[PDB]
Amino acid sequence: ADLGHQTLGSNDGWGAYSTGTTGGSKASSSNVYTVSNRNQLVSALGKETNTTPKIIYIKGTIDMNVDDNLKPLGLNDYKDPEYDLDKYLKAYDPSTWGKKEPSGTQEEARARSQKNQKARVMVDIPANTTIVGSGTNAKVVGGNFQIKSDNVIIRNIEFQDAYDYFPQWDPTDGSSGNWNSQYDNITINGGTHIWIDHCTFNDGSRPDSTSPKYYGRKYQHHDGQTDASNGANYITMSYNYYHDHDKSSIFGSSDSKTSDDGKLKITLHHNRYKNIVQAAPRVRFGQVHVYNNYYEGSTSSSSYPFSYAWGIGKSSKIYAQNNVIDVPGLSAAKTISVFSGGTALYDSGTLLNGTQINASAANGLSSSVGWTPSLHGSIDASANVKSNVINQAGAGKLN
(Lines of atoms letter the chains of each structure in order from A and count residues from 1; the text may use other names and numbers.)
(Lines give C-alpha, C1' and ligand atoms only; values in the text may rest on other atoms or scores of the structure.)
Protein backbone atom coordinates (compact mmCIF):
# COMPACT_ATOMS: atom_id res chain seq x y z
CA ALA A 1 0.00 0.00 0.00
CA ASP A 2 1.06 3.61 -0.56
CA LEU A 3 1.61 6.10 2.27
CA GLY A 4 -2.05 7.18 2.28
CA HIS A 5 -3.32 3.60 2.59
CA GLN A 6 -0.79 2.13 5.04
CA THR A 7 -1.94 1.26 8.54
CA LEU A 8 -0.07 0.94 11.83
CA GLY A 9 1.39 -2.57 12.15
CA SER A 10 -0.47 -4.85 14.56
CA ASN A 11 2.57 -5.00 16.89
CA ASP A 12 3.73 -1.42 16.53
CA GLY A 13 3.24 0.17 19.94
CA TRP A 14 0.19 1.18 21.99
CA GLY A 15 -1.52 2.59 18.88
CA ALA A 16 -1.99 -1.04 17.77
CA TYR A 17 -4.09 -2.00 20.82
CA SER A 18 -7.68 -3.33 20.40
CA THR A 19 -9.13 -1.94 17.15
CA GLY A 20 -5.71 -0.51 16.23
CA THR A 21 -4.89 2.45 14.01
CA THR A 22 -6.02 2.20 10.41
CA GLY A 23 -6.82 5.92 9.92
CA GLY A 24 -8.57 6.50 6.59
CA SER A 25 -7.03 3.48 4.83
CA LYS A 26 -10.52 2.23 3.90
CA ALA A 27 -11.38 5.54 2.15
CA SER A 28 -13.25 5.49 -1.12
CA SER A 29 -11.92 7.62 -4.01
CA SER A 30 -14.38 10.44 -3.27
CA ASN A 31 -12.80 10.75 0.20
CA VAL A 32 -9.21 11.01 -1.01
CA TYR A 33 -8.07 14.65 -1.10
CA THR A 34 -4.99 16.58 -2.16
CA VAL A 35 -4.70 19.88 -0.30
CA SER A 36 -2.21 22.74 -0.77
CA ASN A 37 -3.64 25.56 1.37
CA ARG A 38 -5.69 26.25 4.53
CA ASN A 39 -9.03 26.44 2.65
CA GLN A 40 -8.54 23.06 0.96
CA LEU A 41 -7.35 21.46 4.23
CA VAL A 42 -10.30 22.78 6.28
CA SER A 43 -12.76 21.68 3.53
CA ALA A 44 -11.23 18.17 3.40
CA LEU A 45 -11.31 17.76 7.19
CA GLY A 46 -14.90 18.97 7.55
CA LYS A 47 -16.59 18.77 10.96
CA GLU A 48 -16.54 16.16 13.75
CA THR A 49 -19.45 14.45 11.92
CA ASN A 50 -17.05 13.65 9.04
CA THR A 51 -16.26 10.13 10.33
CA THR A 52 -16.11 8.30 6.98
CA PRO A 53 -12.61 6.98 6.25
CA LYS A 54 -10.67 9.73 4.46
CA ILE A 55 -7.14 10.28 3.14
CA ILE A 56 -5.65 13.77 2.91
CA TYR A 57 -2.40 14.28 1.01
CA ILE A 58 -0.66 17.57 1.89
CA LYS A 59 1.10 19.01 -1.15
CA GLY A 60 3.68 21.72 -0.44
CA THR A 61 3.46 24.35 2.31
CA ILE A 62 0.21 25.03 4.18
CA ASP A 63 0.36 28.30 6.12
CA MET A 64 -2.42 28.33 8.71
CA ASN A 65 -2.08 32.03 9.55
CA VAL A 66 -4.15 33.13 6.55
CA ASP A 67 -7.63 34.54 5.98
CA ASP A 68 -10.33 32.97 3.76
CA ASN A 69 -8.64 34.53 0.71
CA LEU A 70 -5.31 32.99 1.80
CA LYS A 71 -3.81 36.39 2.68
CA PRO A 72 -1.20 36.13 5.48
CA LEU A 73 -2.37 37.28 8.91
CA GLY A 74 -0.06 38.75 11.56
CA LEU A 75 -0.14 40.47 14.96
CA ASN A 76 -2.12 43.54 13.90
CA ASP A 77 -4.68 41.42 12.02
CA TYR A 78 -5.46 39.33 15.13
CA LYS A 79 -5.07 42.13 17.69
CA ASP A 80 -8.13 43.16 19.71
CA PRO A 81 -8.58 46.97 19.35
CA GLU A 82 -7.85 47.42 23.09
CA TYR A 83 -4.66 45.33 23.12
CA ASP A 84 -1.27 47.05 23.13
CA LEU A 85 1.96 45.25 24.00
CA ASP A 86 3.58 48.40 25.52
CA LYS A 87 0.58 48.84 27.79
CA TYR A 88 0.35 45.13 28.59
CA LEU A 89 4.03 45.26 29.62
CA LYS A 90 3.49 48.43 31.68
CA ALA A 91 0.35 47.04 33.36
CA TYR A 92 1.89 43.78 34.57
CA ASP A 93 5.51 44.74 35.30
CA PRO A 94 6.48 42.93 38.54
CA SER A 95 8.00 46.19 39.88
CA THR A 96 4.55 47.89 39.93
CA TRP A 97 2.02 45.05 39.57
CA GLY A 98 3.72 42.59 41.93
CA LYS A 99 3.14 38.85 41.65
CA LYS A 100 -0.66 38.88 41.42
CA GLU A 101 -2.31 37.35 38.33
CA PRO A 102 -2.67 39.78 35.40
CA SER A 103 -6.24 41.04 35.21
CA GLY A 104 -8.10 44.07 33.92
CA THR A 105 -8.09 45.74 30.53
CA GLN A 106 -4.87 44.61 28.86
CA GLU A 107 -5.07 40.96 29.97
CA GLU A 108 -8.72 40.76 28.84
CA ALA A 109 -7.77 42.33 25.48
CA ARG A 110 -4.84 39.89 25.14
CA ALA A 111 -7.13 36.90 25.84
CA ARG A 112 -9.54 38.10 23.11
CA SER A 113 -6.64 38.60 20.67
CA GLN A 114 -5.49 35.04 21.35
CA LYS A 115 -8.96 33.62 20.56
CA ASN A 116 -8.87 35.50 17.24
CA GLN A 117 -5.70 33.67 16.17
CA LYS A 118 -6.93 30.35 17.61
CA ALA A 119 -9.86 30.49 15.16
CA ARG A 120 -7.41 30.36 12.25
CA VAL A 121 -4.57 28.13 13.42
CA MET A 122 -6.37 25.43 15.41
CA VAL A 123 -8.12 22.64 13.52
CA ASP A 124 -9.77 19.40 14.72
CA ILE A 125 -8.99 16.11 12.94
CA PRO A 126 -12.10 13.90 12.67
CA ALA A 127 -12.28 10.14 13.22
CA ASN A 128 -10.85 7.67 10.66
CA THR A 129 -8.47 10.09 8.97
CA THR A 130 -5.05 9.66 7.41
CA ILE A 131 -3.13 12.88 6.72
CA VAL A 132 0.13 12.34 4.83
CA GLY A 133 2.73 14.56 3.21
CA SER A 134 3.19 14.18 -0.54
CA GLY A 135 6.87 14.10 -1.53
CA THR A 136 9.65 15.44 0.66
CA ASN A 137 8.51 19.04 1.22
CA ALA A 138 5.01 18.81 2.75
CA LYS A 139 4.77 21.46 5.49
CA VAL A 140 2.24 22.77 8.00
CA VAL A 141 3.28 26.23 9.22
CA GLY A 142 1.66 27.95 12.20
CA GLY A 143 -0.91 25.17 12.56
CA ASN A 144 -2.14 23.35 15.66
CA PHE A 145 -3.77 20.03 14.77
CA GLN A 146 -6.03 18.80 17.55
CA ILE A 147 -7.11 15.17 17.80
CA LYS A 148 -10.05 14.46 20.10
CA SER A 149 -11.28 11.58 17.92
CA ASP A 150 -10.40 7.90 17.39
CA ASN A 151 -8.28 6.36 14.62
CA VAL A 152 -5.99 8.98 13.11
CA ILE A 153 -2.70 8.67 11.19
CA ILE A 154 -0.38 11.63 10.56
CA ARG A 155 2.79 11.00 8.55
CA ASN A 156 5.58 12.58 6.49
CA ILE A 157 4.82 16.23 7.31
CA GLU A 158 7.14 18.93 8.62
CA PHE A 159 5.25 20.91 11.28
CA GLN A 160 6.80 24.35 11.79
CA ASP A 161 6.40 27.18 14.25
CA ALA A 162 3.07 26.87 16.06
CA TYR A 163 3.37 30.54 16.98
CA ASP A 164 1.23 32.52 19.42
CA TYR A 165 1.22 36.29 18.78
CA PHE A 166 -0.10 36.91 22.30
CA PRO A 167 1.88 35.11 25.03
CA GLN A 168 0.41 35.46 28.52
CA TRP A 169 2.50 36.62 31.48
CA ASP A 170 2.28 34.44 34.60
CA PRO A 171 4.38 35.90 37.45
CA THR A 172 3.67 32.79 39.57
CA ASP A 173 4.94 30.30 36.97
CA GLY A 174 8.33 29.50 38.52
CA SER A 175 10.37 31.58 40.98
CA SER A 176 10.71 34.52 38.54
CA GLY A 177 7.54 33.99 36.46
CA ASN A 178 7.19 32.92 32.81
CA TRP A 179 5.49 33.74 29.53
CA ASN A 180 3.18 31.00 28.21
CA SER A 181 1.67 30.39 24.76
CA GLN A 182 -1.16 28.16 23.57
CA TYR A 183 -0.26 26.29 20.37
CA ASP A 184 1.28 22.87 19.87
CA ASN A 185 1.99 21.38 16.45
CA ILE A 186 -0.27 18.47 17.45
CA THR A 187 -2.45 18.29 20.58
CA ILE A 188 -4.02 14.93 21.40
CA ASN A 189 -6.99 15.96 23.52
CA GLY A 190 -8.73 12.75 24.55
CA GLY A 191 -7.78 11.22 21.18
CA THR A 192 -7.30 7.45 20.85
CA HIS A 193 -5.66 5.08 18.33
CA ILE A 194 -3.27 7.59 16.82
CA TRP A 195 -0.09 7.11 14.81
CA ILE A 196 2.30 10.05 14.33
CA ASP A 197 5.16 8.79 12.16
CA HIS A 198 8.00 10.21 10.06
CA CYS A 199 7.08 13.80 10.89
CA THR A 200 9.37 16.72 11.70
CA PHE A 201 8.64 19.26 14.45
CA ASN A 202 10.55 22.52 14.80
CA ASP A 203 10.16 26.26 15.37
CA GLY A 204 10.66 27.13 11.68
CA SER A 205 12.04 30.60 10.94
CA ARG A 206 11.13 31.99 14.37
CA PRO A 207 13.25 30.07 16.92
CA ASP A 208 13.20 31.20 20.57
CA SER A 209 16.58 32.92 19.97
CA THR A 210 14.67 35.56 17.95
CA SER A 211 12.36 36.48 20.83
CA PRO A 212 13.32 39.19 23.34
CA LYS A 213 13.14 38.84 27.12
CA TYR A 214 10.51 40.82 29.02
CA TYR A 215 10.80 41.00 32.81
CA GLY A 216 14.02 38.98 32.29
CA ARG A 217 11.99 36.03 30.99
CA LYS A 218 11.85 34.79 27.38
CA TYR A 219 8.82 36.14 25.50
CA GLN A 220 7.79 32.61 24.58
CA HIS A 221 5.66 32.26 21.43
CA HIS A 222 5.64 28.43 21.44
CA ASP A 223 3.97 25.66 23.51
CA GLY A 224 4.44 21.95 22.83
CA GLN A 225 5.24 19.89 19.77
CA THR A 226 3.23 16.70 20.34
CA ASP A 227 1.19 16.96 23.60
CA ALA A 228 -1.30 14.39 24.94
CA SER A 229 -3.98 15.18 27.52
CA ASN A 230 -7.39 14.38 28.98
CA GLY A 231 -7.48 10.59 28.75
CA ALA A 232 -5.62 10.38 25.43
CA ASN A 233 -4.85 6.69 24.91
CA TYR A 234 -3.34 4.09 22.55
CA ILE A 235 -0.81 6.16 20.65
CA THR A 236 2.37 5.38 18.71
CA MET A 237 4.84 8.15 17.81
CA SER A 238 7.66 6.75 15.68
CA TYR A 239 10.51 8.01 13.47
CA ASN A 240 9.81 11.68 14.17
CA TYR A 241 12.44 14.41 14.19
CA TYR A 242 11.94 16.98 16.96
CA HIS A 243 14.48 19.82 16.85
CA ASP A 244 15.24 23.37 17.99
CA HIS A 245 12.38 23.82 20.45
CA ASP A 246 11.87 24.24 24.21
CA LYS A 247 9.01 22.03 25.54
CA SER A 248 8.50 19.00 23.28
CA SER A 249 6.05 16.43 24.58
CA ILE A 250 3.90 16.67 27.68
CA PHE A 251 1.77 13.57 28.30
CA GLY A 252 -0.80 14.26 31.02
CA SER A 253 -1.39 17.95 31.62
CA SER A 254 -2.15 18.03 35.36
CA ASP A 255 -1.41 16.26 38.65
CA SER A 256 -5.13 16.81 39.43
CA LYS A 257 -6.33 14.84 36.40
CA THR A 258 -6.34 11.48 38.18
CA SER A 259 -8.70 10.14 35.48
CA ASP A 260 -5.54 9.96 33.32
CA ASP A 261 -4.49 7.00 35.50
CA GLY A 262 -4.75 3.85 33.37
CA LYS A 263 -4.66 5.99 30.21
CA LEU A 264 -1.92 7.89 28.30
CA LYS A 265 -0.68 4.58 26.91
CA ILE A 266 1.87 5.86 24.42
CA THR A 267 4.83 4.29 22.60
CA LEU A 268 7.71 6.49 21.50
CA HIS A 269 10.31 4.82 19.32
CA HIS A 270 13.01 5.84 16.82
CA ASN A 271 12.43 9.54 17.44
CA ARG A 272 15.23 12.11 17.25
CA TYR A 273 15.40 15.01 19.70
CA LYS A 274 18.07 17.54 18.73
CA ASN A 275 18.43 20.82 20.62
CA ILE A 276 15.26 20.16 22.62
CA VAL A 277 15.27 21.79 26.05
CA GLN A 278 12.90 19.58 28.03
CA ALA A 279 9.91 17.21 28.21
CA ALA A 280 10.92 14.49 25.79
CA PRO A 281 8.56 13.24 27.18
CA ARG A 282 7.31 14.67 30.48
CA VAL A 283 4.84 12.08 31.77
CA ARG A 284 2.11 12.00 34.38
CA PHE A 285 0.21 8.75 35.08
CA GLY A 286 0.82 6.93 31.79
CA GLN A 287 2.37 3.60 30.85
CA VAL A 288 4.75 5.08 28.29
CA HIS A 289 7.11 2.85 26.32
CA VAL A 290 10.20 4.86 25.28
CA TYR A 291 12.63 2.87 23.13
CA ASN A 292 15.39 3.38 20.55
CA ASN A 293 15.16 7.18 20.68
CA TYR A 294 18.17 9.43 20.14
CA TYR A 295 18.72 12.61 22.15
CA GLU A 296 21.44 15.13 21.29
CA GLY A 297 22.16 18.59 22.67
CA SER A 298 24.30 20.88 24.81
CA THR A 299 23.73 22.29 28.30
CA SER A 300 25.71 25.39 27.27
CA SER A 301 23.75 26.09 24.07
CA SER A 302 22.60 29.71 23.70
CA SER A 303 19.45 28.92 21.66
CA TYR A 304 18.00 25.70 23.13
CA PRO A 305 20.13 24.37 26.02
CA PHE A 306 19.42 20.80 27.16
CA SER A 307 17.69 20.61 30.55
CA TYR A 308 16.44 17.00 30.72
CA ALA A 309 15.13 14.19 28.48
CA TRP A 310 12.55 12.23 30.52
CA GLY A 311 10.16 13.92 32.94
CA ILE A 312 9.18 11.54 35.74
CA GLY A 313 5.93 13.22 36.76
CA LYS A 314 3.18 12.20 39.15
CA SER A 315 2.51 8.45 39.06
CA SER A 316 4.30 8.10 35.69
CA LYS A 317 5.12 4.58 34.49
CA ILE A 318 7.84 5.09 31.87
CA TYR A 319 9.37 1.87 30.53
CA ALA A 320 12.56 2.80 28.67
CA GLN A 321 14.79 0.52 26.56
CA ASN A 322 17.95 1.15 24.55
CA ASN A 323 17.81 4.93 24.30
CA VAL A 324 20.86 6.98 23.47
CA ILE A 325 21.69 10.39 24.95
CA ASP A 326 24.54 12.58 23.69
CA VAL A 327 24.95 15.67 25.87
CA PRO A 328 28.57 16.55 26.81
CA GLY A 329 29.24 16.87 30.55
CA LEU A 330 25.81 15.58 31.61
CA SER A 331 25.68 13.25 34.62
CA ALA A 332 23.66 10.01 34.60
CA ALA A 333 21.24 11.48 37.16
CA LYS A 334 20.57 14.62 35.10
CA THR A 335 19.30 12.76 32.01
CA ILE A 336 15.89 12.92 33.75
CA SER A 337 13.89 15.32 35.91
CA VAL A 338 11.81 13.89 38.77
CA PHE A 339 8.69 15.83 39.79
CA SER A 340 6.53 15.47 42.93
CA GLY A 341 4.65 12.16 42.80
CA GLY A 342 7.19 10.55 40.45
CA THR A 343 8.73 7.50 42.15
CA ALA A 344 9.33 4.87 39.46
CA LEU A 345 11.18 4.48 36.16
CA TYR A 346 12.29 1.40 34.30
CA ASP A 347 15.29 2.01 32.06
CA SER A 348 17.60 -0.54 30.45
CA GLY A 349 20.35 -0.12 27.86
CA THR A 350 20.52 3.66 28.38
CA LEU A 351 23.69 5.03 26.76
CA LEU A 352 24.92 8.43 27.91
CA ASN A 353 27.85 9.82 25.91
CA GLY A 354 28.76 6.26 24.87
CA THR A 355 28.64 4.83 28.41
CA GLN A 356 25.95 2.50 29.74
CA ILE A 357 24.03 4.12 32.61
CA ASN A 358 21.11 3.39 34.93
CA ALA A 359 19.01 6.59 35.01
CA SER A 360 16.45 5.20 37.44
CA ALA A 361 19.01 4.04 40.04
CA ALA A 362 21.00 7.28 39.69
CA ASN A 363 17.84 9.08 40.83
CA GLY A 364 16.88 6.68 43.62
CA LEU A 365 13.71 5.68 41.78
CA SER A 366 12.06 2.25 41.93
CA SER A 367 12.44 0.17 38.74
CA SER A 368 8.98 -1.38 39.28
CA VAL A 369 6.50 0.37 36.97
CA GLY A 370 4.03 -2.55 37.15
CA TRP A 371 3.94 -3.39 33.44
CA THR A 372 6.01 -4.57 30.49
CA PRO A 373 5.21 -3.58 26.87
CA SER A 374 3.88 -6.43 24.71
CA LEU A 375 3.17 -4.34 21.60
CA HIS A 376 6.50 -3.42 20.02
CA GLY A 377 8.49 -4.16 16.89
CA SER A 378 12.17 -5.11 16.83
CA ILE A 379 14.38 -3.46 19.44
CA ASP A 380 17.70 -2.17 18.10
CA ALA A 381 20.84 -2.57 20.17
CA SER A 382 21.71 0.77 21.79
CA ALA A 383 24.91 0.68 19.69
CA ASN A 384 22.92 1.21 16.45
CA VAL A 385 20.31 3.69 17.71
CA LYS A 386 22.18 6.89 16.81
CA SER A 387 22.83 5.78 13.21
CA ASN A 388 19.35 4.31 12.65
CA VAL A 389 17.56 7.35 14.06
CA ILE A 390 19.64 10.06 12.31
CA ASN A 391 19.24 8.16 9.00
CA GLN A 392 15.53 7.36 9.29
CA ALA A 393 13.74 9.86 11.56
CA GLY A 394 11.72 12.80 10.22
CA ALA A 395 9.77 14.08 7.23
CA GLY A 396 11.12 13.62 3.69
CA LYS A 397 12.66 10.20 4.44
CA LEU A 398 9.90 8.17 2.75
CA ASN A 399 7.73 10.36 0.41
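Each residue number is its position in the shown sequence, starting from 1.
- Once the C-alpha B-factors are averaged per stretch, 254-262 and 110-118 rank with 254-262 first.
- Averaged over CA atoms, B-factors in the entry run higher in 69-77 than in the other of 158-166 and 69-77.
- Ranking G364, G60, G354, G370 by the C-alpha B-factor listed in the PDB entry places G60 at the top.
- When the Cα B-factors of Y92, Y273, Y291, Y308 are read from the PDB record, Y92 comes out highest.
- In the deposited entry, the Cα temperature factor of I55 places it in the middle third of its chain's modelled residues.
- Ranked by Cα temperature factor within the chain, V385 sits in the lowest third according to the deposited record.
- When the CA B factors of the chain's modelled residues are split into thirds, the value for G329 lands in the middle one.
- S209 sits in the middle third of its chain by CA B factor, as recorded in the PDB entry.
- Per the deposited record, the Cα B-factor of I153 falls in the lowest third when ranked against the other modelled residues of its chain.
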